[PDB]
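A single chain, nothing else alongside it, follows as C-alpha coordinates in the form deposited without the DNA.
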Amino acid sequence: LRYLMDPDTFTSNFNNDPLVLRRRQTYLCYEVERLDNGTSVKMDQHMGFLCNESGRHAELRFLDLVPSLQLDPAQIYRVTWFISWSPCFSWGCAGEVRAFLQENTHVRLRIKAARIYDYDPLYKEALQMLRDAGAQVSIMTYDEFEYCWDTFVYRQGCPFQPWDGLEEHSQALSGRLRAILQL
(Lines give C-alpha, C1' and ligand atoms only; values in the text may rest on other atoms or scores of the structure.)
Protein backbone atom coordinates (compact mmCIF):
# COMPACT_ATOMS: atom_id res chain seq x y z
CA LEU A 1 0.00 0.00 0.00
CA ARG A 2 2.48 2.66 1.14
CA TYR A 3 5.06 2.80 -1.75
CA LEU A 4 8.54 1.49 -0.67
CA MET A 5 11.88 3.00 -1.59
CA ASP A 6 14.23 1.30 -4.06
CA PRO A 7 17.05 -0.29 -1.98
CA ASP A 8 19.84 1.14 -4.13
CA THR A 9 18.31 4.64 -3.78
CA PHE A 10 18.36 4.18 -0.05
CA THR A 11 21.99 3.00 0.10
CA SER A 12 23.17 5.73 -2.26
CA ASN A 13 21.42 8.55 -0.41
CA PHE A 14 21.86 7.59 3.22
CA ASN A 15 25.55 6.71 2.89
CA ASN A 16 27.39 8.80 5.57
CA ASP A 17 30.89 8.70 4.08
CA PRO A 18 32.06 12.36 4.17
CA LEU A 19 33.84 11.99 0.82
CA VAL A 20 30.88 10.80 -1.22
CA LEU A 21 29.35 13.58 -3.37
CA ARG A 22 25.56 13.46 -3.13
CA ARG A 23 24.37 17.04 -2.67
CA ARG A 24 21.91 16.97 -5.54
CA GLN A 25 19.09 15.18 -3.70
CA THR A 26 17.71 14.81 -0.17
CA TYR A 27 15.56 11.90 0.91
CA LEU A 28 13.29 12.43 3.94
CA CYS A 29 11.52 9.38 5.47
CA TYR A 30 8.80 10.42 7.93
CA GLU A 31 6.48 8.95 10.50
CA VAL A 32 3.98 10.47 12.87
CA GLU A 33 2.97 9.17 16.27
CA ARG A 34 -0.07 10.34 18.09
CA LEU A 35 0.52 10.38 21.83
CA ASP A 36 -2.61 9.25 23.64
CA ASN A 37 -1.67 9.75 27.32
CA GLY A 38 1.71 8.01 27.32
CA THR A 39 0.57 5.62 24.60
CA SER A 40 2.03 5.92 21.15
CA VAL A 41 -0.26 5.29 18.15
CA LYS A 42 1.72 5.05 14.94
CA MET A 43 -0.28 4.49 11.77
CA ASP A 44 1.00 3.59 8.36
CA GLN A 45 -1.16 6.28 6.71
CA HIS A 46 1.17 8.89 8.26
CA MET A 47 4.40 7.28 7.01
CA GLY A 48 6.21 7.81 3.73
CA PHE A 49 9.17 9.37 2.09
CA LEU A 50 9.86 12.44 -0.12
CA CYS A 51 12.77 13.83 -2.08
CA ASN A 52 13.48 17.30 -3.57
CA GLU A 53 11.27 18.13 -6.58
CA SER A 54 11.18 21.17 -8.90
CA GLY A 55 13.98 22.84 -6.92
CA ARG A 56 12.06 22.59 -3.68
CA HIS A 57 13.86 20.90 -0.80
CA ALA A 58 12.29 17.82 0.72
CA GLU A 59 11.75 19.49 4.11
CA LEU A 60 9.59 22.18 2.56
CA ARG A 61 7.73 19.50 0.67
CA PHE A 62 7.01 17.73 3.96
CA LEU A 63 5.53 20.98 5.31
CA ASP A 64 3.43 21.22 2.14
CA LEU A 65 1.85 17.89 2.86
CA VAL A 66 1.05 18.39 6.58
CA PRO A 67 -2.51 19.50 5.82
CA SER A 68 -3.08 16.17 4.03
CA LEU A 69 -2.04 14.26 7.24
CA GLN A 70 -5.13 15.74 8.88
CA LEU A 71 -3.65 16.09 12.35
CA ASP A 72 -6.26 16.89 14.99
CA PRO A 73 -5.35 20.16 16.72
CA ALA A 74 -6.77 18.78 20.02
CA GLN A 75 -4.22 15.93 19.99
CA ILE A 76 -0.45 15.71 20.55
CA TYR A 77 1.88 14.37 17.85
CA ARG A 78 5.53 13.51 17.49
CA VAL A 79 6.86 13.62 13.95
CA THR A 80 10.22 11.90 13.16
CA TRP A 81 12.30 12.63 10.11
CA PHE A 82 15.10 10.34 8.93
CA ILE A 83 16.72 12.64 6.48
CA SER A 84 19.78 12.16 4.30
CA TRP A 85 21.00 15.81 4.80
CA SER A 86 20.37 18.06 7.79
CA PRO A 87 18.19 21.06 7.00
CA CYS A 88 19.56 24.27 5.39
CA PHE A 89 18.98 27.87 6.36
CA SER A 90 19.56 29.78 3.10
CA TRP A 91 16.84 28.14 0.95
CA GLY A 92 14.34 28.52 3.77
CA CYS A 93 14.03 25.09 5.36
CA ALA A 94 15.09 25.81 8.97
CA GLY A 95 13.10 29.04 9.12
CA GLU A 96 9.91 27.47 7.71
CA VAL A 97 10.25 24.54 10.08
CA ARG A 98 10.70 26.94 12.97
CA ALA A 99 7.60 28.83 11.91
CA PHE A 100 5.67 25.58 11.61
CA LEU A 101 6.69 24.50 15.15
CA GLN A 102 5.84 27.86 16.59
CA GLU A 103 2.34 27.83 14.95
CA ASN A 104 1.63 24.16 15.87
CA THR A 105 2.60 23.69 19.44
CA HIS A 106 0.75 20.33 19.47
CA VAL A 107 3.43 18.92 17.19
CA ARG A 108 6.97 17.99 18.28
CA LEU A 109 9.71 17.12 15.74
CA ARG A 110 12.72 14.72 15.93
CA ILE A 111 15.23 15.04 13.10
CA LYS A 112 17.77 12.27 12.60
CA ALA A 113 20.23 13.22 9.80
CA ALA A 114 22.63 10.95 7.97
CA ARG A 115 25.03 13.82 7.15
CA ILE A 116 25.39 17.55 7.83
CA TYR A 117 24.41 19.87 4.92
CA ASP A 118 27.42 22.18 5.17
CA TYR A 119 27.14 23.55 1.62
CA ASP A 120 25.12 26.30 3.27
CA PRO A 121 27.36 29.00 4.86
CA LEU A 122 24.69 29.33 7.58
CA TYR A 123 24.36 25.60 8.28
CA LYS A 124 25.26 25.96 11.97
CA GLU A 125 22.61 28.67 12.45
CA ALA A 126 20.11 26.37 10.81
CA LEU A 127 20.78 23.57 13.27
CA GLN A 128 20.76 25.97 16.22
CA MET A 129 17.50 27.54 15.05
CA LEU A 130 15.86 24.06 14.89
CA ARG A 131 17.13 23.20 18.37
CA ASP A 132 15.84 26.41 19.83
CA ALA A 133 12.38 25.87 18.23
CA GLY A 134 12.23 22.60 20.16
CA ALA A 135 13.30 20.13 17.45
CA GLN A 136 15.50 17.25 18.73
CA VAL A 137 18.27 17.02 16.13
CA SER A 138 20.76 14.13 16.03
CA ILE A 139 22.94 12.14 13.61
CA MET A 140 21.69 8.71 12.39
CA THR A 141 23.54 5.73 13.90
CA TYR A 142 23.45 2.04 12.87
CA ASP A 143 20.10 1.64 14.75
CA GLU A 144 18.40 4.39 12.73
CA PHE A 145 19.77 3.22 9.37
CA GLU A 146 18.53 -0.30 10.16
CA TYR A 147 15.12 0.94 11.21
CA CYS A 148 14.77 2.92 7.96
CA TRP A 149 15.83 0.00 5.82
CA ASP A 150 13.35 -2.11 7.63
CA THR A 151 10.54 0.40 7.49
CA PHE A 152 10.76 2.44 4.28
CA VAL A 153 12.65 0.30 1.85
CA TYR A 154 11.56 -2.36 -0.67
CA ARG A 155 13.87 -4.95 0.89
CA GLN A 156 11.79 -8.06 0.26
CA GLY A 157 12.53 -9.31 3.72
CA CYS A 158 16.27 -8.96 3.31
CA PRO A 159 18.32 -7.64 6.28
CA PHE A 160 20.11 -4.31 6.48
CA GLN A 161 23.74 -4.55 5.36
CA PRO A 162 25.84 -1.82 6.99
CA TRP A 163 28.42 -0.28 4.68
CA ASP A 164 32.11 -0.01 5.60
CA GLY A 165 32.80 2.76 8.14
CA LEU A 166 29.13 3.39 9.01
CA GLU A 167 29.83 3.56 12.73
CA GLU A 168 33.01 5.59 12.43
CA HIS A 169 31.44 8.19 10.19
CA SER A 170 28.34 8.41 12.31
CA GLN A 171 30.30 9.02 15.57
CA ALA A 172 32.48 11.62 13.85
CA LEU A 173 29.45 13.49 12.50
CA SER A 174 27.75 13.22 15.85
CA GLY A 175 30.73 14.88 17.55
CA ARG A 176 30.59 17.69 14.99
CA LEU A 177 26.83 18.17 15.44
CA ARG A 178 26.97 18.06 19.21
CA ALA A 179 29.66 20.71 19.16
CA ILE A 180 27.42 22.94 16.98
CA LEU A 181 24.46 22.40 19.28
CA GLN A 182 26.25 22.56 22.67
CA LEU A 183 24.29 24.29 25.38
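One rule holds for the numbers: they count along the sequence shown, beginning at 1. The term rigid core refers to the maximal set of C-alpha atoms that superpose within 1.5 Å between the two forms.
Visitor: Rigid core superposed, root mean square over structures and residues, which stretch has C-alphas farther from this form in 5 other deposited structures of this protein, 55-63 or 39-47?
Guide: Of 55-63 and 39-47, the stretch deviating more in 5 other deposited structures of this protein is 39-47.
Visitor: Name the stretch that deviates more in 5 other deposited structures of this protein: 67-75, or 84-92? Use RMS CA distance to the shown form, core superposed.
Guide: Larger mean C-alpha displacement, comparing 67-75 and 84-92 in 5 other deposited structures of this protein, is found in 84-92.
Visitor: Mean C-alpha B-factor higher for 149-157, or for 123-131?
Guide: Result of the comparison: 149-157.
Visitor: Would 84-92 or 99-107 have the larger average of its C-alpha temperature factors, as given in the entry?
Guide: Here the higher of the two C-alpha B-factor means belongs to 99-107.
Visitor: Compare the CA B factors listed in the entry for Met140, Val137, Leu69, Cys51 and report the winner.
Guide: Comparing C-alpha B-factors across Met140, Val137, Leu69, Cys51, the top value belongs to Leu69.
Visitor: At the C-alpha atoms, which of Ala114, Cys29, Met43, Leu63 reaches the highest B-factor in this entry?
Guide: That would be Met43, according to the entry.
Visitor: Where does the C-alpha B-factor of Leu4 rank in its chain, lowest, middle or highest third?
Guide: Middle third by C-alpha B-factor.
Visitor: Quick check on the deposited entry: does the C-alpha B-factor of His57 sit in the lowest, middle or highest third of its chain?
Guide: It falls in the bottom third of the chain.
Visitor: Which third, lowest, middle or highest, does the CA B-factor of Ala179 fall in along this chain?
Guide: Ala179: CA B-factor falls in the middle third of its chain.
Below, we turn to the form solved in complex with the DNA, even though it does not appear here.
Visitor: Considering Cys148, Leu130, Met140, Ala58, which brings a non-hydrogen atom within 4.5 Å of the DNA in the deposited bound form?
Guide: That would be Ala58.
Visitor: Only one of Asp44, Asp36, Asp118, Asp64 gets a heavy atom within 4.5 Å of the DNA in the deposited bound form. Which one?
Guide: By the 4.5 Å heavy-atom cutoff, the listed residue in contact is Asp118.
Visitor: Heavy atoms, 4.5 Å, the DNA in the deposited bound form: which of 65-73, 49-57, 140-148, 154-162 makes the cut? Say which one.
Guide: Stretch with heavy atoms near the partner: 49-57.
Visitor: Is there a non-hydrogen atom of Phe82 within 4.5 angstroms of a non-hydrogen atom of the DNA in the deposited bound form?
Guide: No.
Visitor: How about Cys88 - does it come within 4.5 Å of the DNA in the deposited bound form, if we only consider non-hydrogen atoms?
Guide: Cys88: contacts the DNA in the deposited bound form.
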